[PDB]
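Please read the structure below before turning to the comments.
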Amino acid sequence: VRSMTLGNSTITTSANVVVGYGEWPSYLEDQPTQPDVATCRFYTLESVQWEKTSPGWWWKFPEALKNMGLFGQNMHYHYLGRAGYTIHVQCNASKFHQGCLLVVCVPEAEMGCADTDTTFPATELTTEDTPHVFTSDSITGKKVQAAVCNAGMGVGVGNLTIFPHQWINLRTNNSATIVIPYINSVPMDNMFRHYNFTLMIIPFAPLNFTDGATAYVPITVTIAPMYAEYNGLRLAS
Amino acid sequence: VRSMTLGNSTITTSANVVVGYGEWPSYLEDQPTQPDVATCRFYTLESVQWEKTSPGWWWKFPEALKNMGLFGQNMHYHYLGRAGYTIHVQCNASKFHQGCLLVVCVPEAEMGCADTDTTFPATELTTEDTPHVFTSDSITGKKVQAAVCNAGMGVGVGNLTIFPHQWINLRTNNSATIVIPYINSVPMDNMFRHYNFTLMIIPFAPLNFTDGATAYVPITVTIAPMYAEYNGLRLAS
Amino acid sequence: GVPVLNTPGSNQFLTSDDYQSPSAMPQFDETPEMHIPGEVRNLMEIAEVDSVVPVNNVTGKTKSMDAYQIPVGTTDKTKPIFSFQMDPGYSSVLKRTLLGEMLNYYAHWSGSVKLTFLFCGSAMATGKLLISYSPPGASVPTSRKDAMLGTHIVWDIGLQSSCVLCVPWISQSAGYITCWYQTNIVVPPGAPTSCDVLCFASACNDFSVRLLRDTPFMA
Amino acid sequence: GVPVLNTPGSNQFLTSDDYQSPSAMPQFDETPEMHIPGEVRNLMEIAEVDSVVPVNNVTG
Amino acid sequence: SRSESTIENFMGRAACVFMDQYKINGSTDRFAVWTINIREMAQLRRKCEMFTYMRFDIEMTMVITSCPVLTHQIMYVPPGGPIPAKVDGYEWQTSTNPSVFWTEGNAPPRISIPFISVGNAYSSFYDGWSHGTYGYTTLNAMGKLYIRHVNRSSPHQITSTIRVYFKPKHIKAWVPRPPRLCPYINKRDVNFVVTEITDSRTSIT
Amino acid sequence: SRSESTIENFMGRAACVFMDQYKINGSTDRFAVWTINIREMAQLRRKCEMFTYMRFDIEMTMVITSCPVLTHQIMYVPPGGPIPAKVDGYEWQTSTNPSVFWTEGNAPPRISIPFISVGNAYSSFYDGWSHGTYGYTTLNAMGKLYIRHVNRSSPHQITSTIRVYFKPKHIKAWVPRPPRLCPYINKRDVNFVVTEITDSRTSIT
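Chains as they are written, first to last, in the authors' numbering: chain B, 13 to 25, 28 to 42, 50 to 258; chain B', 13 to 25, 28 to 42, 50 to 258; chain C, 1 to 74, 77 to 174, 187 to 233; chain C', 1 to 60; chain A, 52 to 77, 81 to 121, 133 to 196, 201 to 274; chain A', 52 to 77, 81 to 121, 133 to 196, 201 to 274. A prime marks a further copy of an entry chain.
Rendered as structure tokens:
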């Protein structure tokens, strides 16, 4: 039950870590300044209530870390940047609870609008800290088509296991760890207008319990931006 | 006068063996199970009455071994298979009998229907243990065109000596042995719907005798499936 | 100059030719290649990834998450739990997976299919399920006894939560995989009785695919 | 480029020519050759086999 | 001295196996199909029926005439390929189906087809069933050859006749077989009329 | 045995991605534009949407028909190039924009385009904004293809149809992606109708 510290933060943590595409995050006219101190500290988001009827959730990064301290602060100051995003998901469920989650990262998860003719106004995709829930049936309007069985992208939700993923089976384990080594074509991009990957958590087997147990299971997401670097503000020589 | 045993069966047996195309039967995602015990035992068919007016006979294999014990039994259980088919033909004729047989195997002996416009209903080709006789003249209907001078195939019956064959001349010898090393393009095929070769026995010089002798000569056919193998029923590792 | 004969096939556009072509902008200096994680050199690297198989694709629920969930625990032992034809192509259960959608681009494919069954019930629940595989020639078992008298694996759910099996001879009447209640799901007073099972089909490390064709999915 | 003269016989289809031809599907990977008994490399292997001669081919 | 008696010298030579015409403007008469088989020409069929199993590559050379500059598309579909039912069917645009684009006046087009069977050899004879239908297997399936004018229309009426020359290449054959005595009745089956072994003679002497 | 399952064998094959016609004499119907994208053909789009990032060179082969000797100019403008708004616009004479001059009757013209992106790979999917507009980036911009008759006029009315065959070369792909389940609604966006995972079945057994 080793607990790892990192910065001024510490989290308590089946030590099975999934490294996205087998590559670990690394560094790299042009002059990048990298802040090793801070940024790397764990940023624990608010826990989500997983219930019998919960269809799913998704977060879009780096924009989900918009208000998370110095890392979000750096996003405003620096035009360009890149990071590595260790993600810890800890279900925290009792033995008498049953369920199964897919924790998957899906880089460049372009989503489709509900009303096909028109496009969504830029805030149906993402709010910073709060997740966006999926839906059980089709929806209409100028919001993202958030129906599971398609995961908002038009692909099947069953064969969405090709991305960096982890399975949380409350029977076996309650934890997940995924490492996402900055997948992008350009070496640096603007964090505000570009979403590198979309952490979405989808229950394949729904939560179930008997009448005495707690009606929910709170899922906690923790993000540590690893090897974050930006552009150089100061003049070259 | 050496007698060879094989399995629980024994036959008494001019030790001239004809190996079809000079090749001996041999073995060979995919996993084949081969039954060495049993199967290889001699399967003696019912003897046929050869008379002055007998035009010929043919058997289609492996389907002629449909009811022959475990080998026929395996054909039902296993989807795919292949075998080698040592064939012994022993005329058993007296010195005062004269005649000449052609014992030939003819792989892929596709036959033609009597009424050219229509096709035969799948049972004019083969009944399992009983042979199909040729005819002396042309016939009509939905049965195989079984006229000798063509052997049912459209080729001449005289130049049908190019296949694996043996000559039984009652003046010289009464025995024949042919080995047929599984001629096929695909390495395994369904025994029920595919006929690998057609053992046909054709009298070139007819049987003749004087009034005191027996009016017939019984020809005995014996088949031993050699190096038979099938597909693997059990799950792979 | 040199004497030259133009053979038949000159001045034709074979669509599938591989001749060197004159570049529009030779002067252009291309951007240097950069390391991007996830280099894809083969498509059987895609088909070798396990994906959830919609076994419960009944008429009512193929537009929800319930198409993937195999309901177990509520429950006669006479009828099997599930049953589906094994071939990825032309079988609605495995037709649209990572494995099946790659195999619908190819006319001929031969290999082995690995199935993984994950029990998604409570940790306190226990029981036994009998998974029987019938070879392509053989008929589907009618009872649990006839399924036991064949190729099967008695999977203890309380002991282990995953059961892996690699099916051979999957190439192009194919094999049938079935599941039977050997033992009902035994549960304490606190844990819920009804449980779910997930399936995962993938390549069993061969899968040779030979003749590429067009997918029958997009019109 | 190189100076080239087209001789007479260019752009003709001689039916019995033996030129290398552009394959329709180069990508296609052919099935590996398998041993089938009875390899035929010459037709005089067929004519060297004895066959029964219809000497009594009278009209009837 | 018997060099020419080899299978390559015997089997491998081009023959005009398919004659057909197709109009440019006007339904199903605007293209030619020809499912590829060795049983089309009766002279070439007698040669391929001397061997039970054959293995060869195919080189075809089309000869197209006519009665503007005309361009023709010769589209070859593999044995699993989509077949067009109309001249404008989307199946002509399939990338998987290789096609040549030949414009009139140039050397005739030539397309080469490898050994595309699933098995290890093509079968000249199949003693067995599909289930069905007798004597037919899908192992010796070689595809189809759809041919049309790529031109949208012409003011005049143009009818183009195409000749296909089929030449086996790198021939390999197995299991010799007697040459066929009786004539051919149909192009799909092996059915025959009972014929005499040889021409008659007045006496035995 | 899986040689043909490689990306080059899978992605790299020519497909007829653009059909258009253009009259010789008479305004904006006298030339063809076709901004180059991989989202034109629905069959080729499904293949390029299995990978997030792709890197390839382009070899195009135009197939031009007609209904004097006709000469055609196929002008390719780079992603920063000036675009003509009329057949006689000065932009056709730009030296920077490479163009082929093909006269009718010869082998079809072939032009090859390198990897011209600013980034390190083309993006099949872009989760982000231009400022704007969602899902659009200027990194996977490949140019346009302006095609006209160089002939000043003709006494008759001539309408020439052109087919463009797009073949990726030296393909490199990254980050596999599941194949698309739902059909395509529009050629610019990724919007879809919620479709079922698979065809239904009577029961679970």
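A virtual CB, placed ideally from N, CA and C, is assigned to each residue, including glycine.
Which of the three DSSP states, helix, strand or coil, is assigned to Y187(A)? In the structure shown, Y187(A) sits in a strand (DSSP, three-state: E or B).
Pick from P144(A'), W167(A') and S189(A'): whose alpha carbon is nearest that of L98(A')? Distance check between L98(A') and each of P144(A'), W167(A') and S189(A') places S189(A') closest, using alpha-carbon atoms only.
Using only CA atoms, which one of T267(A), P163(A), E156(A) and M62(A) lies nearest to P22(C')? The option with the nearest alpha carbon to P22(C') is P163(A).
Note the first and the last residue of the continuous alpha helix (DSSP H) segment covering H97(B). For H97(B), the enclosing alpha helix (DSSP H) begins and ends at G90 to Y98.
Taking the straight line between their C-alpha atoms, what separation do you get for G170(A') and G154(A')? Straight-line Cα distance between these residues: approximately 27 Å.
If the criterion is Cβ atoms closer than 8 Å, does the pair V72(C) and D210(C) meet it? Pairing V72(C) with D210(C) gives a Cβ-Cβ distance under 8 Å.
For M44(C'), three-class secondary structure by DSSP: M44(C') carries a helical assignment under DSSP once its states are collapsed to helix, strand and coil.
Near-chain C' residues of the region 188 to 206 of chain B' - C-beta to any C-beta below 7 Å: Cβ contacts with chain C': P202, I204 and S206.
By the three-class DSSP mapping on this structure, what secondary structure does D83(A) have? Here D83(A) sits in helix by DSSP.
Closer than 7 Å, Cβ to any Cβ of chain C: which residues of the region 5 to 19 of chain C', in chain order? Here the close residues are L5, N6, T7, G9, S10, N11, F13 and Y19.
Integer-rounded CB distance, given that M108(A') should sit under 8 Å from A186(A'): Contact flag correct, Cβ pair sits at about 6 Å.
For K74(A'), which option in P248(A'), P247(A'), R257(A') and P224(A') has the closest C-alpha, if you only look at C-alpha atoms? Measuring C-alpha to C-alpha distances from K74(A') to each of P248(A'), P247(A'), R257(A') and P224(A') identifies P224(A') as the nearest.
Between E113(A) and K213(A), which are expected to be in contact by the criterion C-beta below 8 Å, what is the C-beta distance as a whole number of angstroms? In this structure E113(A) is not in contact with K213(A), their Cβ atoms being roughly 17 Å apart against a cut-off of 8 Å.
When you compare the CB of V176(B') with every CB in chain A, is at least one pair closer than 8 Å? Output row for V176(B'): interface = yes.
Are the C-beta of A109(C) and some C-beta of chain A separated by less than 8 Å? By this cut-off, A109(C) is an interface position.
Taking C-beta pairs closer than 8 Å, name the residues in chain E that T182(B') reaches, listed in chain order. The question asks about chain E, but that chain is absent: this structure's protein chains are B, B', C, C', A and A'.
Starting from the C-beta of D158(B'), find all residues in its chain whose C-beta is less than 8 Å away, skip the five residues before and the five after it, and write them out in chain order. Cβ within range, chain order: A168.
Which residues of the region 231 to 262 of chain A have a Cβ closer than 7 Å to any Cβ of chain A'? Give them in chain order. Those residues of the region 231 to 262 of chain A that come within reach of chain A' (Cβ to Cβ, closer than 7 Å) do not exist; the list is empty.
Kindly list, in the order they appear in chain C, the residues whose Cβ is closer than 9 Å to that of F117(B). Against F117(B), the close residues of chain C are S124, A125, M126, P202, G204, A205 and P206, in the order they occur along the chain (beta-carbon pairs closer than 9 Å).
Assuming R100(A) is part of the beta strand (DSSP E), what are its boundary residues? Not the beta strand (DSSP E): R100(A) falls in the alpha helix (DSSP H), residues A96 to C102.
Helix, strand or coil for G34(B)? Go by DSSP, reduced to three states. Under the three-state reduction of DSSP, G34(B) is assigned to helix.
For the beta strand (DSSP E) holding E113(A), just list the boundary residues, first then last. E113(A) -> beta strand (DSSP E) spans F105 to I118.
By the three-class DSSP mapping on this structure, what secondary structure does residue 127(A') have? This structure gives no coordinates for residue 127(A'). The numbering of chain A' moves from 121 immediately to 133.
Apart from the five residues just before and just after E94(A'), which ones in its own chain have a Cβ nearer than 6 Å to its Cβ? So the list reads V68, once near-sequence residues are dropped.
Counting only Cβ pairs nearer than 9 Å, list the residues of chain C' close to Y107(A). Correct list: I36 and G38.
Kindly list, in the order they appear in chain A, the residues whose Cβ is closer than 7 Å to that of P128(B'). Against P128(B'), the close residues of chain A are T106 and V244, in the order they occur along the chain (beta-carbon pairs closer than 7 Å).
Locate the alpha helix (DSSP H) running through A149(C), then write down its first and last residues. Per DSSP, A149(C) belongs to the alpha helix (DSSP H) from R146 to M150.
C121(A) burial status per 10 Å Cβ neighbour count (16 or more: buried): Exposed is the call here.
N30(B') at chain A interface by Cβ criterion, 8 Å: Not a single C-beta of chain A is nearer than 8 Å to the C-beta of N30(B').
How about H99(B): is its C-beta nearer than 8 Å to some C-beta of chain A'? No, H99(B) lies away from the interface with chain A' (no Cβ there is under 8 Å from its Cβ).
Indicate the three-state DSSP secondary structure (helix, strand or coil) for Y155(A) in the structure shown. Under the three-state reduction of DSSP output, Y155(A) falls in the helix class.
Within chain C, partners of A226(B) - CB distance below 7 Å: Ordered by position in chain C, the residues that pass the 7 Å Cβ test against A226(B) are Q69, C122, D210 and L212.
Does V219(A) get closer than 8 Å to chain A' when you measure Cβ to Cβ? Yes, contact with chain A'.
Going by DSSP, which residues form a beta bridge with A257(B')? For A257(B'), which the question treats as bridged, DSSP gives the partners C168(C).
Please confirm whether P22(C) has its beta-carbon closer than 8 Å to some beta-carbon of chain C'. Closer than 8 Å: no.
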